[PDB]
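Undergrad: This one's a deposited entry, sequence included:
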Amino acid sequence: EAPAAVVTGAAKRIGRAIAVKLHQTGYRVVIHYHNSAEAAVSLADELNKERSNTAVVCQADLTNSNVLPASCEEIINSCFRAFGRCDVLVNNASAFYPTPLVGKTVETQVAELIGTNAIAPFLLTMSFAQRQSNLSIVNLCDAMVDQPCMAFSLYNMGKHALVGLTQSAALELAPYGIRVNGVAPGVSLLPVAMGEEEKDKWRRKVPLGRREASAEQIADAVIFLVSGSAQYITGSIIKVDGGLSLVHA
Amino acid sequence: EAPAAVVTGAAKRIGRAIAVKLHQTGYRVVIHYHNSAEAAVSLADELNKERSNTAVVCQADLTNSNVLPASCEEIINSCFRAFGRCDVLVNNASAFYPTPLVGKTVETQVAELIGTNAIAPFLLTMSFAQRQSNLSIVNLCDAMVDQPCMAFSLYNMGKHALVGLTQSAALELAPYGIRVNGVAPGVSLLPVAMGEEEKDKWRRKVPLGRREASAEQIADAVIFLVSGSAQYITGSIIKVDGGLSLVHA
Amino acid sequence: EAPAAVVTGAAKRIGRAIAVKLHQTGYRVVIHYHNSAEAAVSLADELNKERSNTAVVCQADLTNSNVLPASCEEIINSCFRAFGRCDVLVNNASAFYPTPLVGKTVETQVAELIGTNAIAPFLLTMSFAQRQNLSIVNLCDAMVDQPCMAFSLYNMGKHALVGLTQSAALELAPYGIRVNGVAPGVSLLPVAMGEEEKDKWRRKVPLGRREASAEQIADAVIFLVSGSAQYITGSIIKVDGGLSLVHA
Amino acid sequence: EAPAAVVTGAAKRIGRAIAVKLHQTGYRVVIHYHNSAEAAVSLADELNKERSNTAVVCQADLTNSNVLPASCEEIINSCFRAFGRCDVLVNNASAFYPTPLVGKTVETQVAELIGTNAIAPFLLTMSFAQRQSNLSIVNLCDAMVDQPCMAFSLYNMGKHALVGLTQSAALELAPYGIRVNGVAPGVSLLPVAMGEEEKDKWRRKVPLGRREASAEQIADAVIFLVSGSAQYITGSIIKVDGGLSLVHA
Ligand SMILES: NC(=O)c1ccc[n+]([C@@H]2O[C@H](COP(=O)([O-])OP(=O)(O)OC[C@H]3O[C@@H](n4cnc5c(N)ncnc54)[C@H](OP(=O)(O)O)[C@@H]3O)[C@@H](O)[C@H]2O)c1
Ligand SMILES: NC(=O)c1ccc[n+]([C@@H]2O[C@H](COP(=O)([O-])OP(=O)(O)OC[C@H]3O[C@@H](n4cnc5c(N)ncnc54)[C@H](OP(=O)(O)O)[C@@H]3O)[C@@H](O)[C@H]2O)c1
Ligand SMILES: NC(=O)c1ccc[n+]([C@@H]2O[C@H](COP(=O)([O-])OP(=O)(O)OC[C@H]3O[C@@H](n4cnc5c(N)ncnc54)[C@H](OP(=O)(O)O)[C@@H]3O)[C@@H](O)[C@H]2O)c1
Ligand SMILES: NC(=O)c1ccc[n+]([C@@H]2O[C@H](COP(=O)([O-])OP(=O)(O)OC[C@H]3O[C@@H](n4cnc5c(N)ncnc54)[C@H](OP(=O)(O)O)[C@@H]3O)[C@@H](O)[C@H]2O)c1
Ligand SMILES: N#Cc1c(-c2ccc3c(c2)OCO3)[nH]c2nc(N)[nH]c(=O)c12
Ligand SMILES: N#Cc1c(-c2ccc3c(c2)OCO3)[nH]c2nc(N)[nH]c(=O)c12
Ligand SMILES: N#Cc1c(-c2ccc3c(c2)OCO3)[nH]c2nc(N)[nH]c(=O)c12
Ligand SMILES: N#Cc1c(-c2ccc3c(c2)OCO3)[nH]c2nc(N)[nH]c(=O)c12
């Protein structure tokens, strides 16, 4: 029997590439999405086309609420329903927008940023662990957590909490054989709304090659961490940033 | 005229000492509390018996919710109402209990621990910044954030986000002359629930002195960080642990 | 054309496993050693038996001195001599003994611990860069921030290795050279250590209550020098089973 | 009886401020220097004109060689001979220049930067500890240890090693009551040879004020760390950088 993997926010960009590669490795995937219903579905269609019944979709909002614990348990549940097992969880879904200190209200901002980046990953880990070889969770972190974007404080707090969850969960879930690790991109696929002038300014800052990471480059770190080549690695966070975090002001 | 400072969860223990020492320095203090009402009024009495009209009390629940932004704004507004100014905010109040991955429900456990330790300090920082000449914020952190206690995931996640806030708030509030900094205790006042055998067990781990810190010793770093001796210090976290975090397993 | 790798202190233990792994991946290796002459050669025979003209030995002391720059240039040189090219450098050789503040003279201890753990790696990096998927892998320590008692000099050299890994990555990026690290917690324990002492250490490890096998440390090195890491540089990968996360 | 302190490379700039400040505090100081003879002697005169028998000088080259251990032993000795005690050690002397990986030969470059920044501090610490109440060492570090200058390999290797000495020594010397701590400037006094265009360029990168630190601001961190307000503090490194380390590329 093949193994299975939940990948959150897998309809587009880095998440898509993670799923495509995990699928290519022989994993049966659960494709989580929120708004991108069309891309999510046509991907699962594409993945099923060359291996029958190996992909399923699952929609949830991961924003913080009194219903998030239930939302998160269903996503883990979907994997056991579809495939009868859950071997890998990839926490990838993420809200990313400015929240300056000086349309959405602040309580919405808090819920969306802390919810997607930290709280949901925590509950998804709880469910993952409680529903239980090569079992392992992978969190998509940030290489620049200590040299952050201006006015992106709430986002930063969430990414900082993701590091704390990764280390905490790694410690607790080790006696059960569950490895928790992280993958921290510097600058990868730039936001779809980013203009070519502001995209290239960030490129010129990258020591290794003067470009952003492909999604496939980030996905390769995930594959390594879930492979049998990482049987002794837990609580680790792998930067994939082309040395960008080493560059001073 | 005397400067004014608000210290959260300051009825008892480490917060008490921080307010006491800030008062002795010459500050007018706001003593925020949650449950410990009787100790909060008793402290305000002693501080006003020393100097008339220099201390006020302010009850608030810092548990995460949609009304918290208003709660945190209120606390900042009590200070501006009592003393006509707010110079220093000390984020001290914190929930601390285990939340295992394998009475209170998880959505309560999330709201309390991420609320008190991270989100509340973020909202207080907004209101402080908003209401605005040696201006500084001091967040009470944790030295052991990278070697956390077992089954203490939500708390650790919170404390980690406080590092992210201290870092991001410092950078953004820098052109307004507001310094954001942190103080990280190893083991200080041990919890009231802990037995004498378990407290001793932790004391023997400490390299410097084989004992915990007094709250006076934690407060001392706070006074430093808000003094005119730290004018160029911002985004810094002063570990006050007696080398505890250096000890390997 | 088969690619070529230099691996320091590769006669036995972790270094031997990194050489064996790189050979099986299809690399031509340079087995460096200090005192273990018989083991380095006996390894080279076993690798040349599988593939003719693929392994060589190279002796050098990496203890700091005014001749060390030359010693290191020669190790690089022996690679270009035997194989015509130099693709990978694994900084693995390391002195490890207590040097308390309160047999060897202090200036020997300094020489051996700072030379092998930091200064030699720095020099091999210059020579590797000067002589030119090119990548350097520096073997570090997961416990650099939670050090062993009375082991100051060792920790100083391991801390300086992190510093080199970062600074080299930054400068050698425009040349397409990737500098990275693998940081073991507790792996193959000293020869040399008692059995009751080794069990006390094993019981500390969250994942398995065992130390890392040499081959498990080798796996992370194989990753960093592969095409799967094309974008990774200035990174240090903990391979420690959660050791660095355990409080006292 | 007044306490005594050793301060390396104390003739001009930062180390001069530490010395002057330690003097105003009440310490008897040993002004170490290497090449600034007139500057070191001139300072001793000004400090002695204030309080008689409080300031002496000690010339030494701290570049690494076989005769370095005895040199460092002699500096520690100077203090004990002039004052009959040694309470505080400030490791300040530092070589700072490029060492590209692609006049001075390489082995001379290794000797100076590693020697001044790390090996000397280790030997001075040994001798300080061997010779032995508020006993403390303070190492001058770098806030930018993780975002280094281009082609400053050896120097940055040195300041990294300095952080490891601060931690290993703090752990080992704790049973004795010797606290080892650090002070990490971002940009204080800029190099004398640096151009005013390049000086302003580094200044405008600083979040808090858009200017470098006064040497006296750095000194304030040293003073705090050797004081009774820092009794429980050991193994700590205080950044004093105006938030420079937090600014991304
Ligand atoms: N891109 C970079 O340069 C970069 C840099 C550093 C770190 N990273 C990290 O790597 C990961 C992937 O990066 P990315 O650029 O691919 O990110 P992204 O496109 O902005 O976000 C990934 C997905 O998360 C989902 N999502 C957003 N908000 C959600 C919500 N409130 N509830 C549930 N799902 C939500 C979205 O799916 P739907 O459209 O279907 O809603 C989206 O496709 C992220 O964790 C990110 O933080 C990326
Ligand atoms: N003590 C240590 O060994 C240690 C170690 C590391 C870090 N720290 C940090 O140092 C700071 C102070 O330590 P501590 O031991 O004095 O803390 P603590 O006594 O355990 O808690 C501090 C205060 O927080 C208030 N509080 C609790 N829940 C709250 C809520 N839901 N909403 C608003 N306020 C709430 C309480 O006030 P009421 O009683 O009035 O409800 C309490 O007095 C904390 O940030 C702590 O995490 C302490
Ligand atoms: N083993 C662990 O638990 C552990 C933990 C953390 C990090 N590491 C790191 O991983 C790497 C390998 O560990 P290991 O246990 O395999 O190492 P090791 O046995 O302690 O040393 C490896 C080799 O280094 C060479 N060497 C020693 N002193 C030298 C000198 N003065 N000049 C030149 N070469 C010298 C020796 O070669 P010869 O025998 O030929 O003389 C030795 O075989 C090391 O860099 C270490 O720092 C290991
Ligand atoms: N300036 C900055 O922006 C900055 C930034 C970060 C950290 N720091 C750290 O802060 C400390 C002081 O800074 P600084 O700018 O005042 O340093 P500095 O002016 O560059 O040099 C400090 C002193 O060290 C002595 N010295 C140089 N080479 C020596 C050698 N080979 N042997 C013995 N002594 C030697 C010199 O004394 P003589 O002139 O008498 O020969 C010099 O005055 C240093 O440890 C530095 O690493 C400075
Ligand atoms: N650009 C960018 C992003 C970053 C990012 C990239 C480069 C940075 C950064 C954040 O901090 C400073 O350097 N993080 C993101 N997370 C999500 N979910 N989506 C994104 O687009 C990004
Ligand atoms: N003991 C303890 C506490 C700790 C603590 C003590 C020792 C530790 C620790 C947290 O992480 C591992 O080592 N954090 C606390 N926070 C609050 N609010 N109250 C507490 O009592 C503690
Ligand atoms: N054991 C061990 C070693 C360690 C080591 C092992 C366990 C540790 C450690 C270092 O820090 C605290 O936990 N570092 C070494 N370096 C070399 N060169 N050779 C070794 O054997 C070790
Ligand atoms: N400028 C500068 C210096 C720095 C320095 C300044 C700015 C930096 C830095 C080091 O890291 C990147 O940003 N370190 C120094 N050490 C000595 N001994 N003397 C100096 O002048 C400096």
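TA: Received, thanks. Residues are numbered from 1 along each chain as shown, chains lettered A, B, ... in the order given. Ligands and ions are numbered 1, 2, ... in the order given.

Undergrad: what's around residue A:107, how many residues?
TA: 18 (other Cβ atoms under 10 Å in any protein chain shown). (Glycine included, C-beta is placed from N, CA and C.)

Undergrad: which residues touch the residue nearest in space to the middle of chain A?
TA: Nearest to the mean C-alpha position of chain A, counting by Cα atoms, centre = their mean, stands residue A:92 at 1.5 Å. When contacts are counted by Cβ atoms under 8 Å, 6 or more residues apart in numbering or on different chains, residue A:92 touches A:7, A:8, A:9, A:10, A:14, A:15, A:18, A:140.

Undergrad: So which of those sit within helices?
TA: Mapping the contacts of residue A:92 onto helices (DSSP state H) picks out A:14, A:15, A:18.

Undergrad: Among those residues, pick out the one closest to residue B:219, please.
TA: Nearest to residue B:219 out of those is residue A:14 (Cβ to Cβ; 45.3 Å).

Undergrad: Quick check: the gap between the closest one and ligand 3.
TA: 32 Å (Cβ to the nearest ligand atom, to the nearest Å).

Undergrad: what's near enough to touch the residue found closest to residue A:125 once you drop the neighbours it is linked to in the chain?
TA: Nearest residue to residue A:125 in three dimensions, chain neighbours excluded: residue A:169, at 5.3 Å (Cβ to Cβ, 6 or more residues apart in numbering or on different chains). Residue A:169 is in contact with A:125, A:129, A:137, A:178, A:180, B:101, B:153, counting by Cβ under 8 Å, 6+ apart.

Undergrad: could you give the angle of the longest helix along chain A to helix B:153-172?
TA: Criterion DSSP H: the longest helix present in chain A is helix A:153-173. Angle, helix A:153-173 to helix B:153-172, by axes from the mean of the first three to the mean of the last three Cα atoms, to 10 degrees: 150 degrees.

Undergrad: can you tell me if helix A:153-173 touches ligand 1.
TA: No: Helix A:153-173 is not in contact with ligand 1 by Cβ under 6 Å from any ligand atom; minimum separation 6.8 Å.

Undergrad: Show residues contacting the next helix or strand after that helix.
TA: Under the assignment DSSP states H and E, the closest C-terminal helix or strand after helix A:153-173 is strand A:178-185. With contacts defined as Cβ under 8 Å, 6+ apart, strand A:178-185 is touched by A:14, A:125, A:128-129, A:132, A:135-143, A:145, A:162-163, A:165-167, A:169-170, A:173, A:213, A:218, A:221-222, A:225, A:230-231, A:233-241, C:207.

Undergrad: Over to stretch A:58-73?
TA: A:8, A:30-34, A:37, A:40, A:74-75, A:78, A:93, A:95, A:110-112, A:114-116, A:119-120, A:123-124, A:126-127, B:106-107, B:110.

Undergrad: Pull up the distance across that stretch, start to finish.
TA: 12 Å (Cα to Cα, to the nearest Å).

Undergrad: buried ones in it?
TA: Using 16 or more other Cβ atoms under 10 Å in any protein chain shown as the test for burial, stretch A:58-73 gives A:58, A:59, A:60, A:61, A:62, A:63, A:64, A:68, A:69, A:71, A:72, A:73.

Undergrad: give me the element the closest residue to residue A:106 other than its chain neighbours is part of.
TA: Distance criterion Cβ to Cβ, 6+ apart; nearest residue to residue A:106, sequence neighbours excluded, is residue B:69 at 5.2 Å. Assigned by DSSP H and E, residue B:69 belongs to helix B:68-82.

Undergrad: Note down every partner strand of the helix or strand just after that helix and its orientation.
TA: Using DSSP H and E, the helix or strand that follows helix B:68-82 towards the C-terminus is strand B:88-91. Sheet partners assigned to strand B:88-91 using DSSP bridges are listed as strand B:4-7 (parallel), strand B:135-140 (parallel).

Undergrad: In JSON lines: those strands, plus mean neighbour count.
TA: Listed next are the strands paired with strand B:88-91 as JSON lines, based on neighbours: other Cβ atoms under 10 Å in any protein chain shown:
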{"stretch": "strand B:4-7", "mean neighbour count": "27"}
{"stretch": "strand B:135-140", "mean neighbour count": "25"}
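
Undergrad: With distance to ligand 4 as new columns, can these be given to me in CSV?
TA: CSV is the format used below for the strands paired with strand B:88-91 (distance: least, Cβ to the nearest ligand atom, whole Å):
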stretch, distance to ligand 4
strand B:4-7, 32
strand B:135-140, 23
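
Undergrad: and the residue of chain A most remote from its centre, helix, strand or coil?
TA: Going by Cα atoms, centre = their mean, the residue of chain A most distant from its centre is residue A:102, 29.8 Å out. Look at residue A:102: counting by DSSP: H, G, I helix; E, B strand; the rest coil, its state is coil.

Undergrad: Around ligand 3, pick out the residues from chain A.
TA: So chain A never meets ligand 3 (Cβ under 6 Å from any ligand atom).

Undergrad: What are the phi and psi values at whichever residue of chain A sits closest to ligand 8?
TA: Proximity of chain A to ligand 8 (Cβ to the nearest ligand atom) peaks at residue A:248, 5.2 Å away. Per-residue torsions, residue A:248: phi -70, psi 170 (degrees, to the nearest 10).

Undergrad: Tell me the spacing between it and ligand 6.
TA: Residue A:248 is 32 Å from ligand 6, by Cβ to the nearest ligand atom.

Undergrad: and that residue, what does it touch?
TA: For residue A:248, the contact set (Cβ under 8 Å, 6+ apart) comprises D:144, D:147, D:148, D:149, D:247, D:249.

Undergrad: Now list the buried members of those.
TA: Listed as buried from these are D:144, D:147, D:148, D:149, D:247, D:249; burial here means 16+ other Cβ under 10 Å.
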